[PDB]
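Worksheet for the structure shown next.
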Amino acid sequence: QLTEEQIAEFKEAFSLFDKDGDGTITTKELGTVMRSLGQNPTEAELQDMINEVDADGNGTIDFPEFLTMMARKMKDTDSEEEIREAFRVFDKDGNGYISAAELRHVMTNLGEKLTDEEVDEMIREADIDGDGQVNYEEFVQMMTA
Amino acid sequence: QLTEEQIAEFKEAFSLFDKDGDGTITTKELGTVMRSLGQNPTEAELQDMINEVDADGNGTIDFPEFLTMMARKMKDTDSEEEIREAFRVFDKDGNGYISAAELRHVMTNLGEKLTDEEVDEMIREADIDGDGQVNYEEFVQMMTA
Amino acid sequence: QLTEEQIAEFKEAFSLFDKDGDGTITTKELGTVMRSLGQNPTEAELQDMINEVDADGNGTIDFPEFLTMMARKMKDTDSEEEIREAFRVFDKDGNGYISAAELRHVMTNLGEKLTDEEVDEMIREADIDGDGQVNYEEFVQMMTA
Amino acid sequence: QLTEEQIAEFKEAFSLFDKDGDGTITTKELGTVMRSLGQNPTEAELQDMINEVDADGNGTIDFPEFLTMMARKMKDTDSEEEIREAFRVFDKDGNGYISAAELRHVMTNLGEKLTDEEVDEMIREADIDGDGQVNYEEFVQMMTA
Amino acid sequence: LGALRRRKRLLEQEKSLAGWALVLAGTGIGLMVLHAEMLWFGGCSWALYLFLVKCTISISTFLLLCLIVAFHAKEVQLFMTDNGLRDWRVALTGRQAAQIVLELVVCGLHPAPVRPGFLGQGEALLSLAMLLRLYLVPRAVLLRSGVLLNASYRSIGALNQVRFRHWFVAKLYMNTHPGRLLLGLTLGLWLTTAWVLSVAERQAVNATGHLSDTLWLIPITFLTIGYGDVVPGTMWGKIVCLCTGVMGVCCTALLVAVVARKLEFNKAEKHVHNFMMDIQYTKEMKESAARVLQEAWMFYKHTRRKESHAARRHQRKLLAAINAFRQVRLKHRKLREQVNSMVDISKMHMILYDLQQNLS
Amino acid sequence: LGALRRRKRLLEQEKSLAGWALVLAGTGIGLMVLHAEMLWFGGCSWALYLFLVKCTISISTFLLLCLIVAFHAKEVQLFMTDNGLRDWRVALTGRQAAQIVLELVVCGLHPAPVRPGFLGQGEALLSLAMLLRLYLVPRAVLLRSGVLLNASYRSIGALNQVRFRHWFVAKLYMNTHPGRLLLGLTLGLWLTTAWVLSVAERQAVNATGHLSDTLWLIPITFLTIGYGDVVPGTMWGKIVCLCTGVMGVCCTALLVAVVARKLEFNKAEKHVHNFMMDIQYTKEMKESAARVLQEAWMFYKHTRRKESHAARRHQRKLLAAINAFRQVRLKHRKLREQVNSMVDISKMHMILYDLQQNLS
Amino acid sequence: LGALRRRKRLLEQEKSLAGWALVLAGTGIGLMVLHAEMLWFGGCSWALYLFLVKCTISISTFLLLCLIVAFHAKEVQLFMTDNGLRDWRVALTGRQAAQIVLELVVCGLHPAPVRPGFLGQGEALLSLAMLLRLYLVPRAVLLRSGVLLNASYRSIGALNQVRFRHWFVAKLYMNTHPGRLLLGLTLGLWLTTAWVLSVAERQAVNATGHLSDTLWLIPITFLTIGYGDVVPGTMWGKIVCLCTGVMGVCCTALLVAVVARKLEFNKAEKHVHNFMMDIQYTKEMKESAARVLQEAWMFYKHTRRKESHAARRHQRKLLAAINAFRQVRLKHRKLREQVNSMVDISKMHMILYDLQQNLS
Amino acid sequence: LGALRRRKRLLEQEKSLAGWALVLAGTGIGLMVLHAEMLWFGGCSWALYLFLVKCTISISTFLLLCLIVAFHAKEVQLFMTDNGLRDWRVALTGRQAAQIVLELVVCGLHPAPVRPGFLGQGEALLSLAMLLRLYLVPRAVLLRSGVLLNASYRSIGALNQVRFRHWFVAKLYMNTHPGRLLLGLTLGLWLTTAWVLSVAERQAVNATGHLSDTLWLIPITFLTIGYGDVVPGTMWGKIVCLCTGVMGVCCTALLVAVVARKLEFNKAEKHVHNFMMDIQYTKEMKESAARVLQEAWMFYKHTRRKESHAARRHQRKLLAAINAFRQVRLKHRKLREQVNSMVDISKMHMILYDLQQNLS
Ligand SMILES: [Ca+2]
Ligand SMILES: [Ca+2]
Ligand SMILES: [Ca+2]
Ligand SMILES: [Ca+2]
Ligand SMILES: [Ca+2]
Ligand SMILES: [Ca+2]
Ligand SMILES: [Ca+2]
Ligand SMILES: [Ca+2]
Ligand SMILES: [Ca+2]
Ligand SMILES: [Ca+2]
Ligand SMILES: [Ca+2]
Ligand SMILES: [Ca+2]
Ligand SMILES: [K+]
Ligand SMILES: [K+]
Ligand SMILES: [K+]
Ligand SMILES: [K+]
Ligand SMILES: [K+]
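Shown next as structure tokens:
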């Protein structure tokens, strides 16, 4: 739906990361840019920032799935990052699920005091797997309504 | 005798040290704090510091023996550090005992000129069971009374 | 044609590089000066610079072939360096030859819009070798005569 | 010939280098002092500056041969160092002897011009060994007289 | 336990005695300007209302001398609790018992109501001696900071051997919000030093020298302008004008020191600027290196045709295109050197990590 | 995406509305300078031409109020687009509904034509309130710079997490070309203040206080070189002169910082200077170390012949040649130490690279 | 030895001769002031006096000239002790024989008694020429400090090639207690020039120009205020006022750097502040993230109950809480980057110690 | 070769032509002040001697217009020597042909003899336009310095990409000896301005405004004091006084940084001071730790004898000896930490060299 000039500008922006004209971004090409900018990442976070946007999964990023990433980082504030990162403070152990302990601690003790029965009812309503473990999918669904 | 609020405050201050959550402080958990504060200590001084306050001896520090440490480092001036450190300048030859030569040198030559007979009488009076080697216990007893 | 004073001055300038006194400059004597000036070169460029001026080829530079180098670096602007370096931007593949695609891209797309037929005619005229790959000799022949 | 207070002052100065009371200064202790002063010397210079003052040769420095060193470094200007440093600029080869070429070059070409015959006569007069190689002993004897 | 439950009580009893000895000093200072400006604008007509202010400013001193001594007696108890004592005779030094007398002398200077718009020379100094009561501010600020009883804060201040005093809290407050306190003190001094001088150089017949003529003389002296239309005429008015200039110079020095640093890039923006300034130079060089060959070829063609008037014209643009190329490549080389020289900040860590990853 | 093509339109419609509200404000400001300095030099004679300027001012104000609200309504659409909303009632906060009211109040103060060379007291404040319209400059400057829509630039500004606001662009402009902007603002602030003060202290009886007398007072007050021949005489003219001095001090501090930063050697010239000074010191030491031997031998010869008046003369030159040698020795040692210490920002890099090459 | 015992005696005999030439050179300066202020306030009536004072001045000058030459002879006697040499005719250079003559000429200018309230033209310069005797201060200060004979101190100053002169001692004294000497010299220079100018511009007809009219002129010129009520009127009074301004500018130049350096956090306070500012951010982030889910769930409840007036009211609190979370997140990341980058100069030692211990 | 011998001749012919155009451009300025101060102090009486100076200042311009064009005719021949050319029509650019005309216009402004102590308005600007001839100074200075033909200085300045130009020489001269040039220019700018303003504000009726009334006005304006007894009274005298203050502020800004940089310990003395401080601190600690046990034993003896009045007196000294010991050990620990942290620039080199010598 974009015009020709926008497509050309986005191709020029892609050329910063592509360097050689293979057509895809790998973990060894974004790392060079990040090192040139002063940061010193490692392979774990390099793969973590790449598998986030890969719509199918090949270890590389193409232009159609780069436009999706760049349609989110151009706005004044992206509403997905502060929902993906306001979820890891509810996940202290790091297994990937919100157990009753972390929620009953953070929601009630901190911030506005919440009733234990109300917290349990909210957890039961939010949970869709029925295992008592709130996951990222249910968290995002509840916060997006 | 401590108020519940004070106990809660000290328990919160303990969480700055027992980051793991087991409930005891080891040589590998205090070292991280010391390194993050800019200092670079090592095993000998870490073990000495931990053994200074450990009233039983396990290589770890618990809350009852941490309240004892905090009851001393919050006053305006600790009067035990300046007696434990005013003892290592008399003991030039590190062994744990005070030789007659060291005392007769430091007390008489430096400071006010003290009589050799008076120094010998004091050494005999405060000596460890006639051995002529004053130890830390006799030093503390004489200097506190 | 040089007078005695100029020859003496150039001989004094030669002793800054030829510290030993054998009579030639090697890749290890110029490297010391370069390191002392703050630069950190390696054997690739240390050999490239010497091969640039060596008119016979021995890995060493003599006074008669040092005067030739110095006759260029004392004028306000050297016009050979700016033709040798304005050639490496037309050669992105690093093969020492100007491909048709490279020229047709750099000359037409950038700068003044040049006709494709005119570019092809210029390439054919300058291609003395007839292989369709302009070299340094033909480039210099075109840019000066 | 010293009084009874200068002896004590020089003993206090000696105790700075002789950290342990063995009674002699070794290479390691002087090196530690040098490093504590911010400089970074090594074994060659450390051994070079010790045998200069050692009157018999043991590898260590005593107090009687420390007073001799201190009798020179407390005056306004030491005149035995500007005859040992103004001799190593006449000795470029480093063998330890003043060759005829070195003298005939440095004395005549530089400074006030000196006749070759006068230089030869001076070399012949100064050469007490008769080998045509002026050494440190003859140089010092001639320049002090 | 035991000696720790009393340090939280004997020190909280010193927090409600360091503010109630400041309220009664602020009231005493505030009921002085009223008396002065009522005697000036009034006179002998209001001889009944000046026997009440001078009695209130004497009753509000007996409620301050009875609090300073209580505060100083609540600290000997702290000393005895700390250093295991029971006999108070040994906890009292020879200087703590000498500074109390000085404190009670400084905090006991008031125009006593021991019964003509000019204040007498015996009262004009007793009144201006009330401003010495401003040494009670740092004490109350320190005792109410809230970082003196935090057990989670001293536990880390002791591992680094840091003492908590007035200077540390002052530095913390300055670092938090620098400009606010600076402007506050700057605008709060110009209202006090413009009254201490108007009480010193005021005149009756000319009706000059009051606040209207001292709110203008003080700022232009602080800023070291000094027009010269109004100048002090008394020995006591020529000392305030000299104390103001030194304060102005010091404030200028602090302002220069603060401002010298605020206009520099943070480390986050320098790398972005360097990265985004390189593509522009690359594009500029690639465009400039195309304004050489075109004119070279055109001049060659014109020489082939032998126009003899355009070849000479196109031989003049080549020599300028070469110069432009030289300037561009020199700028690019300088920027590349700057980029490759700033890596010394943190490239050592990366190289050490890479060497440790392969030392095994 | 469909939500990315609309951000390039709703933001370009805010670039022709934030710049066309800066010309209807310049026109409004430029028509009070006429209504003032034509009422002054004119009077009741030109009572027909003063009923047209005051109506053109109102027309411009009405055309500006119809653009401010359009600009503020073109941003709620952006807020709805970014967050995916359809009900505009939720995109309007409680502070944006007061900022608009404040903006419309500030941008609606003009001398309306509700109907003797002196402006009234209730009109000279409405006329001088037009200068508050200068807050529209940063808004019109930020939206015009090409660092807000460059997809190749936000891409790198997001991997380092820098935010593009009114301060980053100002810092960039300051660093690119410091001097010209500084001199431009310095000379542009000496022409607005000289009129704001002239409209405040002008008088007709003495024909003094106009631009000819305020173009001289303002600069010497700014530079704190107050002579005292001309001074303000009104309360409203004594505040502008105090506001000017603070800006003068701030500009002096900024100039001091800039001058301190500007002039210094860089590495490329420091290394060359050190290298070319070492050779000179080496030559000087070798020249000096020959006179010692020359006069030593000459004194030896003269005492061999026993002149008894030239030996004592040549023993006075050796003792000075030794000192001359010592001075050069010390200077050479100091320069060598500096060279060994100056090259320490890349020596570590070189030695660590050599160690890494040796390893593995 | 031998020449080491005789160097501790000829150098102690120069410590009681360079200090006893500062008493007879202070008594002389203390009598010219008395003579001037007695001739001014007195006149021809006190003819019996104003002669004994001048005779005493001459006697003091004669007693000082007999100590300067003795000090120089003692200093000459050290050259032959240091350098093995006996004939004194060569130890005397060609520059010391002129320095001695210059010293004797400078230290021999006094108003000799060769015989209303005005001094004259010859005495007025012969008296003010006695202030050149102040070059004897650095010599006496240097010869008294115990850093020149301490054998434990030169033994270390020689291993680092450090020479002990006046500048080293001056820098040491400045670094020990900076403010004390600065204040002392600043307040001691305002009393000498205030008399040097008073003796220059005093007059009898108007009874003006004495110390009372210069103790006010000098400080405001030093601080560059210059009110202009009192100004110099003689050519000899317009040079002191020009020297004072340069001195004041130089004093400000010294003051600004010291003021900048004095206030700053050091390593311990910086590390403590950084460590204790992280827990607050960790708590604030948790509170902010807990203030989001509450609204996200209450909005869901209300939209499942179809209030249609509270869901649209809670949909704003969620959008504000997300921004509040973002601000704290950015601040925390910035502080984390600072604390991970500030501690980068001491980690090198630990890294290279761990590498050495590994010895891989 | 071939073109290297001709570059040492065509460049030496520009060294005797760029210096001989600075003598005829100094004579024409020196014969202007003479004419002005002879017409002022003279008049119509010396109508014969004013027809010779005004003809000499016109003959000395024809010998400068014939040297500027010759220098600009030798440079066009260096261009053709450098770049292989024969037709001069291409070596001449389009901007040099305008620079030559601008130079010939600027260097051709003199009061020609085309024919009452006041200079006419047509001559008072033609005379003051001679001072624009001072742009020839950097050109003459650059070609005289021995760094443009030294083949040993352009061979180490070409391996590092350094261009000499006019700024490198100025920076070299500034760094070699800052103070003398600064004072020379400062005192040389106070004499030209004092005449430029005197020719602008002089008057005959009052016999005021000449050099005697400007040599006092200029310095106090430069130093930003501004008493106000003498002030400019003409529009052309109010611009010079504004130009002087800006240079004064700039000179102060230059001076502050140099003053800050000059005084500081070097690396050679800081280590000596640190090494000699810890010995004193150790002695003080060992001395203070002996005043604790002595009192702890005397109090024990006195309580053994039960004096009941000396035990409670010796218990008051132990608690102060402990405090003194604490202060001493805290100072020693701080200095030890500074010593262990200050040596971190060569410490890394030493550690890495030890690791290399151990394992490589
Ligand atoms: Ca790729
Ligand atoms: Ca993919
Ligand atoms: Ca969990
Ligand atoms: Ca644990
Ligand atoms: Ca335990
Ligand atoms: Ca022992
Ligand atoms: Ca060689
Ligand atoms: Ca060769
Ligand atoms: Ca190619
Ligand atoms: Ca030893
Ligand atoms: Ca030995
Ligand atoms: Ca030899
Ligand atoms: K003034
Ligand atoms: K300043
Ligand atoms: K003034
Ligand atoms: K000023
Ligand atoms: K001023």
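Protein sequence lines, in the order shown, are assigned to chains A, B, C, D, E, F, G and H. Numbers given in full-length UniProt numbering equal positions in the first sequence, counted from 1, plus 3. Numbers given in full-length UniProt numbering equal positions in the second sequence, counted from 1, plus 3. Numbers given in full-length UniProt numbering equal positions in the third sequence, counted from 1, plus 3. Numbers given in full-length UniProt numbering equal positions in the fourth sequence, counted from 1, plus 3. The fifth sequence runs 9 to 123, 142 to 386 under full-length UniProt numbering. The sixth sequence runs 9 to 123, 142 to 386 under full-length UniProt numbering. The seventh sequence runs 9 to 123, 142 to 386 under full-length UniProt numbering. The eighth sequence runs 9 to 123, 142 to 386 under full-length UniProt numbering. The beta carbon of each residue, even a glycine, is placed where N, CA and C say it ideally should be.
8 Å Cβ shell around residue i - same chain, five flanking residues per side excluded
i                : result
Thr89 (chain G)  : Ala11, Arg14, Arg15 and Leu18
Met303 (chain F) : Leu361
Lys296 (chain E) : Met368
Cβ distance (whole Å) where residue i is taken to contact residue j below 8 Å
i                : j                : result
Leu211 (chain H) : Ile244 (chain H) : Contact doesn't hold; Cβ gap of about 14 Å is too wide.
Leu378 (chain H) : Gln382 (chain G) : At roughly 10 Å, the Cβ-Cβ gap does not stay under 8 Å, so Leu378 (chain H) and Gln382 (chain G) are not in contact.
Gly252 (chain E) : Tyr253 (chain G) : 5 Å
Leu281 (chain H) : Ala226 (chain G) : That belief does not hold up - the Cβ atoms of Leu281 (chain H) and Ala226 (chain G) are roughly 28 Å apart, past 8 Å.
Per-residue contacts from residue i into chain H (C-beta, under 7 Å)
i                : result
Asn186 (chain G) : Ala294, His297 and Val298
Partners in chain G for residue i, counting only beta-carbon separations shorter than 7 Å
i                : result
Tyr253 (chain H) : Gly252, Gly254 and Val257
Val282 (chain H) : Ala279 and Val282
Cβ-heavy atom distance, residue i to ligand 2, below 7 Å
i               : result
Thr63 (chain A) : yes
Same chain, Cβ closer than 7 Å to residue i, neighbours up to 5 away in sequence not counted
i                     : result
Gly143 (chain H)      : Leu47, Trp48, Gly51 and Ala230
residue 129 (chain H) : Looking at chain H, the numbering goes 123 and then 142, which leaves residue 129 (chain H) without any coordinates in this model.
Closer than 9 Å at the beta carbon, the chain H residues around residue i
i               : result
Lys22 (chain C) : The contacting residues do not exist; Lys22 (chain C) stays about 14 Å from chain H at best.
Any non-hydrogen atom of ligand 17 within 7 Å of residue i CB
i                : result
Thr218 (chain H) : no
Proximal chain B residues relative to residue i, where beta-carbon distance stays under 7 Å
i                : result
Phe301 (chain G) : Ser39 and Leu40
Contact test: residue i Cβ vs ligand 10 heavy atom, cutoff 7 Å
i               : result
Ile28 (chain D) : yes
Under 8 Å from the C-beta of residue i: neighbouring residues of chain H
i               : result
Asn43 (chain D) : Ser372, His375, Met376 and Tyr379
Residue i CB to nearest heavy atom of ligand 16 below 7 Å
i               : result
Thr89 (chain E) : no
Proximal residues of chain F, C-beta to C-beta of residue i below 7 Å
i               : result
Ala89 (chain D) : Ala315, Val318 and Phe351
Output the residues surrounding ligand 9, defined as those with a CB atom closer than 7 Å to any ligand heavy atom, in chain order.
C:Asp94, C:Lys95, C:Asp96, C:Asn98, C:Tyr100, C:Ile101, C:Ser102 and C:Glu105
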